[PDB]
Amino acid sequence: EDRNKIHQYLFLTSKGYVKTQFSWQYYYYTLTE
Amino acid sequence: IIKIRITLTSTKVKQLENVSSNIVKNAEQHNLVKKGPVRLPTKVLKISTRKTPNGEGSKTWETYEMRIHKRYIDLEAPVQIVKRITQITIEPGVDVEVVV
Amino acid sequence: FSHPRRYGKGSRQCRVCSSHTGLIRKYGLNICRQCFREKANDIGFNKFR
Amino acid sequence: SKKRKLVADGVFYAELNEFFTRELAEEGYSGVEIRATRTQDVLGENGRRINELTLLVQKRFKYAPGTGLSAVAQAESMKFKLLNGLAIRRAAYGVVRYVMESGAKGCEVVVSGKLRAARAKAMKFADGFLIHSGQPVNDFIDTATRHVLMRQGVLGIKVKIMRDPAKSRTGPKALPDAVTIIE
Amino acid sequence: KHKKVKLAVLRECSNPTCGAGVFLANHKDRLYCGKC
Amino acid sequence: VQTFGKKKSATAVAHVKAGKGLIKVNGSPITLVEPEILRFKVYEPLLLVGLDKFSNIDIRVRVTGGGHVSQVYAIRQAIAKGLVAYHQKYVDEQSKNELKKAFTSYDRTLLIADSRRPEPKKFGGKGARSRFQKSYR
RNA sequence: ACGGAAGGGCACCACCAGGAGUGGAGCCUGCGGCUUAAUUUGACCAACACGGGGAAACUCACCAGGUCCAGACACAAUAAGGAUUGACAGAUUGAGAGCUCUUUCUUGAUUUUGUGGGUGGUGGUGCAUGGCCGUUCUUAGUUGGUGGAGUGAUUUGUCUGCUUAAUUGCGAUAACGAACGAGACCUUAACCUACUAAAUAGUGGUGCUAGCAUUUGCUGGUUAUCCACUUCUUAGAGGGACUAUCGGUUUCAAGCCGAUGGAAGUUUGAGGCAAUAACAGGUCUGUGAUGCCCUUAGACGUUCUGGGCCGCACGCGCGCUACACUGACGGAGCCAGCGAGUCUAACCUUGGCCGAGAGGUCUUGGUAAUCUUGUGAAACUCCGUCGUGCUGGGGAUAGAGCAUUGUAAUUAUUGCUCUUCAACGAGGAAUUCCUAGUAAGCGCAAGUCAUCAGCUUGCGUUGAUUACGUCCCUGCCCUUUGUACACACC
Ligand SMILES: [Mg+2]
Ligand SMILES: [Zn+2]
Ligand SMILES: [Zn+2]
């Protein structure tokens, strides 16, 4: 549930489907196919 | 008809004047009464810094300047003319604020 | 666990490099003196005199 | 305030520029307006990429949901060319000649770093007319500095274009020193 | 280095939100629940 | 009618009108400007042309912006220029001309504002042109 | 390219003539040395108040201790009776830290250990680099087209000589015409009784004007008390200077010299930008810039506790106070400019209250040409005493007490009152910067700031002497010249 909260806020970053950039210290995340 | 004060702030003099000067004609074409455009003094945001990221070389300081310019006008117009004059002024780069 | 760091260089850092040194806490920048010099003209700070 | 407000707007512009350059590099980004070398993947699959970018920018900046000739563009394209594989000297020559035939009045590409292990050299390609420097360089010159990250070392690439003052369409239309009379 | 011994196959306190499975360890005067 | 005068940064604005021989500097009479050595520097733009030579003009000046002697120079320039303007507009153009002749024959930047401005100070040294010191070797 | 080769030229990073200093004392501070657990490291004209580094938690990267994983994604392990995490009762380390232990309890397919692999580094490598800066360069250079000379590489053009800040230009001339850099450009500081507009600025005519004087006149408050104005201030279009005129010097001219006018005649003063290139110049200790390696759960990652960078047989540099009558001490007169400042909140603080002071208290104004702020500053002027003395200059040196900043002033942050007035009685050889609003003296604001300047970056007040040049020294540029150098004198 401590992970389900973020997993459900979105709608680990190395399994796939998650592109992460830094772009001035804010850890931008994007979900992809 | 209501009394309003229009404030323009910017760094780009060309657009700042291109806005503050069409406002005068926009008022005159409707034949309004207004106090002239007042130019509050341009303030320089000059800040000095050291050029190199380390401590070698002769002590050379370089300053960066951000010149902020800003004017203000008093006008008397109904709500319809007020919304019109605040809607035409969407020029990107000049901040416009209307107070009543 | 964590002792308070509500002041000082543990409180403030460059929003770019996270460096505690060279921080410009002027005009609301909160950015380092070297990142400032690099990405200065993109903020509006021009070199005029 | 006002000084703090516009300083905040300036740093927000810098944030937008940096984030968009990092994220939208694959689409050929040039500068935040947004501007990409092709204006079709900007829409992408009928708006998916831009909707995602708007959502991300709103989440970051606490915003309400509803409220060719470019030096940087050619610099990033040639960065992509070097990264995915092409001769470095040939790539620089191709870039300068392309900018030259695209109407630009002068181009200069400087590549520095470890081409092959040595004491790192600087190889240049300069064509056309270039003035450097003065005020007219801010007036008509576009400069870009880029870091190429290959598997060995980092290459610094500086691309400078002297855009044609005649086809300016804004501001001065000729050189500051250009004197021409009729008789 | 807390080993957490396997605890092979096997009262109650305040805060009744607990699901009746918080049987305490009765060392001495144990009015202090394991929750807090 | 109204004039202004500066020496380095102090500006003095003087109104001259048809009145009765009253010349003030900051509310005090001209006898008590009190630099205690330039009390004749302030007298100069009046003592030059004539002893009094004016009982029909009233000059009231207000000065701010600089220092003691800078404001003294500013007021002594401003009242002289106000006198020049008053003669130019009302008294006579000829009379303005002969008093301008005396002002320029005793020229002490009385009529023309001094253009000496403090030059900006550059990095690497206290003062604009003097630089910090190095021994190195 | 280099030379322990020569010749020209330029430069207060040189001198001449001078001004103010530094070196002689104390102290703030950086560097070297010494020991400590560490006194962190980089840097040796172009290092030494530099690393915007003014180090009590953090800064910190160091020393001694204490945790933790924030070890991505796979693999297999009772782990689908359970893998782990936490936990009070207690000894335990400063830690109310389940670090551990005596000891049994919560939830439960995230974890732990292996097995790779990693992620970070203020870890090394700036003799691997990018970027950036410094220096060469407070200089000046560089290049092609046509033509000429050469078999050729190349050369001339790019020069004897004058003139410029200048390869700036004149002139001479197998060159002509040009290009980048310099100039030009822009920023600012000067002016503009000219245009535009101003209770976010200022000035005058009216009632709100109390004082004095009483034929009415001087200072005068009245910030929503009306009118107009923009001369003072502001900032937009623009104007002015282009060395203008006149004499002389000027190779023939570029230019220069005097006077006049001018707002300003040294590029009008000062800067920003600044080429073809090179440095084994500095930075991996700014960067989520980075090749390689190291480390990786007794960590070189993070974090907490204490110190440390400050330390003292000594040496060096940049600085403030300084050594006194052109002075010190008191009153007394009251004159600036760059600016900075809180709407997610404690920033600049006005005016009252308390306190001798520091400081606290009631608020109040300001998100700013409005309020601090008119920065009611110092230097300085005036008036008195001090009498020419190591004294009454100096507050170095320590103690006692008084508060705020700070969760923390001990290893004095700082300020305040009292107490000793110490060295310094003008500074050797030497040696730094500098040519008019500049030197120097004086203070102000800003960066570092939860608090502290003697640092720096800008600003302004008072405002000189000398000369208007030269190569004597120093530095660099050019030219010539030698070369067995070409990775180019490492
Ligand atoms: Mg040649
Ligand atoms: Zn930074
Ligand atoms: Zn419970």
Side-chain angles (χ1 to χ4, degrees), chain A residues 2-3 13-15 22, chain B residues 17 35-42 48-59 61 72, chain C residues 2-5 7-11 16-17 19-22 26 32-35 47-49, chain D residues 1-2 4 112-114 117 119-120 129-137 145 147 149 152-156 176-177, chain E residues 1-2 4 8-9 22-25 27-30 32 34-35, chain F residues 2-4 8-11 13 22 27 34-36 64-71 85 112-113 115-123 127-137:
Chain A
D2 45 357
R3 272 169 173 243
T13 47
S14 185
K15 250 185 271 170
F22 202 58
Chain B
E17 230 65 20
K35 263 151 201 44
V38 195
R39 313 185 155 90
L40 255 287
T42 282
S48 146
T49 166
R50 190 58 191 84
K51 283 136 135 163
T52 170
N54 206 53
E56 203 257 320
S58 283
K59 283 316 301 193
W61 299 73
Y72 98 81
Chain C
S2 326
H3 281 194
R5 42 194 162 219
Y7 44 88
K9 329 308 294 154
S11 68
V16 185
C17 51
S19 98
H20 297 354
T21 77
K26 181 156 157 152
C32 155
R33 76 190 178 111
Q34 292 117 15
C35 174
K47 289 287 290 313
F48 271 22
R49 175 178 68 77
Chain D
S1 196
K2 256 64 218 172
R4 209 185 29 209
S112 43
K114 268 199 320 188
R119 301 176 49 188
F129 300 152
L130 269 160
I131 57 155
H132 43 39
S133 316
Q135 163 144 301
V137 307
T145 280
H147 299 301
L149 169 59
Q152 169 194 60
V154 174
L155 272 79
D177 219 316
Chain E
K1 280 95 63 180
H2 58 301
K4 194 48 192 231
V9 170
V22 55
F23 200 110
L24 205 46
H27 275 164
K28 43 207 70 66
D29 287 321
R30 312 293 307 227
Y32 197 100
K35 297 296 185 174
Chain F
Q2 28 199 359
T3 53
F4 77 109
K8 293 159 107 273
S9 182
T11 166
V13 251
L22 183 31
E34 200 156 340
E36 284 296 314
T64 206
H68 292 161
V69 316
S70 78
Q71 88 198 16
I112 278 175
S115 181
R116 295 221 278 244
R117 286 289 176 272
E119 331 168 329
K121 164 239 184 184
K122 275 97 66 181
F123 50 90
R129 277 217 226 121
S130 196
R131 312 328 314 225
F132 285 143
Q133 126 182 249
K134 89 269 222 291
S135 18
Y136 85 92
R137 268 223 74 269

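Labels below follow one simple rule: chain letters A, B, ... track the order of the sequence lines, proteins then strands, and each chain is numbered from 1. Reckoned from all heavy atoms, side chains included, excluding hydrogens, waters and symmetry mates.
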**Student:** Taking the side chain of F:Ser9 as heavy atoms from C-beta outward, which of G:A368, G:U59, G:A336 is closest to it?
**Tutor:** G:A336
**Student:** Applying a 3.5 Å limit to both distances, which nucleotide forms a Watson-Crick or G-U wobble pair with G:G271?
**Tutor:** G:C186
**Student:** So what does B:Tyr72 hit on the nucleic acid, given a heavy-atom distance under 4.0 Å: a base, only sugar-phosphate, or nothing?
**Tutor:**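 Base: the residue B:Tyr72, judged by heavy atoms under 4.0 Å, touches a nucleobase.
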**Student:** Under 4.0 Å, counting only non-hydrogen atoms across every strand here, what does D:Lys114 touch: a base, just sugar-phosphate, or nothing?
**Tutor:** base
**Student:** More 5' along RNA chain G: F:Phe132 or B:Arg50, using each one's nearest nucleotide?
**Tutor:**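 Its nucleotide being nearer the 5' end, the pick is B:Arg50.
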**Student:** Using the glycosidic torsion, which applies to G:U200: syn (within 90° of 0) or anti (everything else)?
**Tutor:**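 Anti.
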**Student:** Between the side-chain atoms of B:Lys35 and the base atoms of G:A198, is any donor-acceptor pair under 3.5 Å?
**Tutor:**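 Answer no: no donor N or O sits under 3.5 Å from an acceptor.
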**Student:** Taking the side chain of C:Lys47 as its heavy atoms from C-beta onward, which of G:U59, G:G286, G:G272 lies nearest to it?
**Tutor:** G:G272
**Student:** What are the atom names and distances for every N/O pair under 3.5 Å that joins the protein to nucleotides 369-373 of chain G?
**Tutor:**
unit_1 : atom_1 : unit_2  : atom_2 : d
G:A369 : OP1    : B:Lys70 : NZ     : 2.7

**Student:** Looking at B:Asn54 and G:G134, is any side-chain donor or acceptor paired with a base atom of the opposite kind under 3.5 Å?
**Tutor:** no
**Student:** Under a 3.5 Å rule for both distances, is G:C380 the Watson-Crick or G-U wobble partner of G:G333?
**Tutor:**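 Yes, G:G333 pairs with G:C380.
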**Student:** For D:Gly113, which contact category applies under a 4.0 Å heavy-atom criterion: base, sugar-phosphate, or nothing?
**Tutor:**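 Result for D:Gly113 = sugar-phosphate.
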**Student:** Check the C1'-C2'-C3'-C4' sign on G:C44 and let me know if the sugar comes out north or south.
**Tutor:**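 South pucker for G:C44; the sign of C1'-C2'-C3'-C4' is negative.
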**Student:** At under 4.0 Å between heavy atoms, what does F:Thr3 touch on the DNA or RNA strands: base, sugar-phosphate, or nothing?
**Tutor:**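 Contact class for F:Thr3: base.
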**Student:** Which is true for B:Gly55 with a 4.0 Å heavy-atom rule: it touches a base, it touches only sugar-phosphate, or it touches nothing?
**Tutor:** base
**Student:** Using the test salt bridge (charged side-chain N to carboxylate O under 4.0 Å, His left out), find all partners of C:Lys26 that sit at least two apart in sequence or belong to another chain.
**Tutor:** none
**Student:** What I want to check is whether an N or O donor and acceptor connect the side chain of A:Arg3 with the base of G:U110 at under 3.5 Å.
**Tutor:**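 It does not, because no donor-acceptor pair links the side chain of A:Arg3 to the base of G:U110 below 3.5 Å.
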**Student:** Just call it for D:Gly156: base, sugar-phosphate, or nothing, with non-hydrogen atoms closer than 4.0 Å on any strand.
**Tutor:** sugar-phosphate
**Student:** Pick base, sugar-phosphate or nothing for E:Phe23, based on heavy-atom distances below 4.0 Å to the nucleic acid.
**Tutor:**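 Touches sugar-phosphate only.
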**Student:** Taking the 3.5 Å cut-off for both atom pairs, check whether G:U466 pairs with G:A280 as Watson-Crick or wobble.
**Tutor:**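 Paired, no.
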**Student:** Check G:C442 against G:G460: Watson-Crick (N1-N3 plus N6-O4 or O6-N4) or wobble (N1-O2 and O6-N3), both under 3.5 Å. Paired or not?
**Tutor:**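 Pairing holds for G:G460 and G:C442, meeting the Watson-Crick or G-U definition.
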**Student:** So which nucleotide from G:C180, G:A198, G:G52 ends up closest to the side chain of B:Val38?
**Tutor:** G:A198
**Student:** To the side chain of F:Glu36, which of G:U381, G:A190, G:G272 is closest?
**Tutor:** G:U381
**Student:** What nucleic acid atoms does F:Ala128 come within less than 4.0 Å of, heavy atoms only: base, sugar-phosphate, or nothing?
**Tutor:**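 Sugar-phosphate, backbone atoms only, no base.
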**Student:** I'd like to know whether B:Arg39 forms a side chain to side chain contact (heavy atoms under 4.5 Å, CB included) with B:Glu17, so could you lay out the CA-CA distance, the side-chain angles of the two residues, the decisive distance to 0.1 Å, and finally the verdict.
**Tutor:** CA-CA 11 Å; B:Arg39 313 185 155 90; B:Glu17 230 65 20; 3.0 Å; yes
**Student:** With nearest nucleotides of RNA chain G determined for D:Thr145 and A:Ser14 from heavy-atom distances, which residue corresponds to the more 5′ nucleotide?
**Tutor:**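 Closer to the 5' end of RNA chain G: A:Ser14.
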**Student:** Taking the sign of the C1'-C2'-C3'-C4' torsion, positive for north and negative for south, which way does the sugar of G:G108 pucker?
**Tutor:**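 South pucker for G:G108.
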**Student:** Please determine whether G:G327 and G:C386 constitute a Watson-Crick or G-U wobble pair, defined by two donor-acceptor distances each under 3.5 Å.
**Tutor:** yes
**Student:** Listed by chain and number, what are the salt bridge (charged side-chain N to carboxylate O under 4.0 Å, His left out) partners of F:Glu34, not counting sequence neighbours?
**Tutor:** none
**Student:** Has the side chain of B:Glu56 got a donor or acceptor atom sitting under 3.5 Å from an opposite partner on the base of G:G281?
**Tutor:**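 By the distance-only test, yes, there is a pair.
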**Student:** Where the side chain of F:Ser135 is defined as all heavy atoms beyond and including C-beta, which of G:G269, G:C185, G:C48 is the nearest nucleotide?
**Tutor:** G:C48
**Student:** Can you check the F:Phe4 CZ to G:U230 P distance for me, whole Å?
**Tutor:** 16 Å
**Student:** Please classify the nucleic acid contact of E:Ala8 as base, sugar-phosphate, or nothing, using heavy-atom distances under 4.0 Å.
**Tutor:** nothing
**Student:** Considering only heavy atoms and no angle criterion, is a donor-acceptor pair shorter than 3.5 Å present between the side chain of F:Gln133 and the base of G:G21?
**Tutor:** yes
**Student:** Need one value for F:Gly65: base, sugar-phosphate or nothing, where a base atom within 4.0 Å counts as base even if backbone is also close, heavy atoms only.
**Tutor:** sugar-phosphate
**Student:** Using Watson-Crick (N1 to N3, and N6-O4 or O6-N4) or G-U wobble (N1-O2, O6-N3) distances under 3.5 Å, do G:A198 and G:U233 pair?
**Tutor:** yes
**Student:** Sign of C1'-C2'-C3'-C4' at G:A368: does that make it north or south?
**Tutor:** north
**Student:** Using a 4.0 Å heavy-atom cut-off, does F:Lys134 contact any base of the nucleic acid, only the sugar-phosphate backbone, or nothing at all?
**Tutor:**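 It contacts sugar-phosphate atoms only.
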**Student:** With the side chain of B:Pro53 defined as its heavy atoms from C-beta on, choose the nearest nucleotide among G:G286, G:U231, G:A263.
**Tutor:**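 Of all the options, the side chain of B:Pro53 is nearest to G:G286.
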**Student:** Which atom pairs link the protein and nucleotides 83-88 of chain G when you take only N or O atoms and keep those under 3.5 Å?
**Tutor:**
unit_1 : atom_1 : unit_2  : atom_2 : d
G:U84  : OP1    : E:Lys6  : NZ     : 3.4
G:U85  : OP2    : E:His2  : NE2    : 3.0
G:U85  : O5'    : E:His2  : NE2    : 2.7
G:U85  : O4     : E:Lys4  : NZ     : 3.2
G:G86  : OP2    : E:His2  : NE2    : 2.5
G:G86  : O6     : E:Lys4  : NZ     : 2.8
G:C88  : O2     : E:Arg30 : NH2    : 3.1
G:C88  : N3     : E:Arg30 : NH2    : 3.2

**Student:** Can you give me the N/O atom pairs linking the protein to nucleotides 462-468 of chain G at distances under 3.5 Å, or say none if there are none?
**Tutor:**
unit_1 : atom_1 : unit_2  : atom_2 : d
G:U462 : OP1    : F:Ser70 : N      : 2.7
G:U462 : OP2    : F:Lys8  : NZ     : 3.4

**Student:** Check nucleotides 288-290 of chain G against the protein and report each pair of N or O atoms closer than 3.5 Å, with its distance, or say if there are none.
**Tutor:**
unit_1 : atom_1 : unit_2  : atom_2 : d
G:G288 : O6     : A:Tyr27 : OH     : 3.2
G:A289 : OP2    : D:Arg22 : NH1    : 2.9
G:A289 : OP2    : D:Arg22 : NH2    : 2.9

**Student:** Identify whether any heavy atom of F:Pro120 sits under 4.0 Å from a base atom; if not, whether one sits that close to sugar-phosphate; answer base, sugar-phosphate or nothing.
**Tutor:** base
**Student:** What form does the base of G:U480 take, syn (within 90° of 0) or anti?
**Tutor:** anti
**Student:** Rounded to the nearest 0.5 Å, what separates atom NZ in F:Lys122 from atom CZ in F:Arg129?
**Tutor:**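 Separation between the atoms: 7.0 Å.
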**Student:** Give a yes or no on whether G:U372 and G:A95 are a Watson-Crick or wobble pair, applying the 3.5 Å threshold to both distances.
**Tutor:**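 Verdict: no pairing.
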**Student:** Could you tell me whether the sugar of G:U156 is north or south, judging only by the sign of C1'-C2'-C3'-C4'?
**Tutor:** north
**Student:** Hey, do G:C132 and G:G331 pair up, Watson-Crick or G-U wobble, with both distances short of 3.5 Å?
**Tutor:**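 G:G331/G:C132: base pair absent.
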**Student:** Given a cut-off of 3.5 Å on both distances, is G:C10 paired to G:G475 by Watson-Crick or G-U wobble rules?
**Tutor:** yes
**Student:** Given Watson-Crick or G-U wobble geometry and both distances below 3.5 Å as the test, should G:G281 and G:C343 count as paired?
**Tutor:** no
**Student:** Under a 90° cut-off about 0 for the syn range, is G:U160 syn or anti?
**Tutor:**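 Syn conformation here, the glycosidic angle of G:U160 being no more than 90° from 0.
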**Student:** For C:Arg49 and G:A190, give me the distance from atom CZ to atom P, rounded to whole Å.
**Tutor:**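 For the pair C:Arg49 CZ and G:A190 P, the rounded distance is 12 Å.
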**Student:** What nucleotide, of G:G131, G:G181, G:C133, holds the atom closest to the side chain of D:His132?
**Tutor:**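 The listed nucleotide nearest to D:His132's side chain is G:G181.
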**Student:** Since syn is defined as within 90° of 0, does G:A336 count as syn or as anti?
**Tutor:** anti
**Student:** Look at all strands and tell whether B:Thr49 reaches a base, only sugar-phosphate, or nothing, counting heavy atoms closer than 4.0 Å.
**Tutor:**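 Base contact.
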**Student:** Wobble or Watson-Crick, both distances short of 3.5 angstrom: do G:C242 and G:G265 pair?
**Tutor:**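 When the criterion is applied, G:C242 and G:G265 count as a base pair.
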**Student:** From the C1'-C2'-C3'-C4' angle alone, say whether G:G389 leans north (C3'-endo side) or south (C2'-endo side).
**Tutor:** south
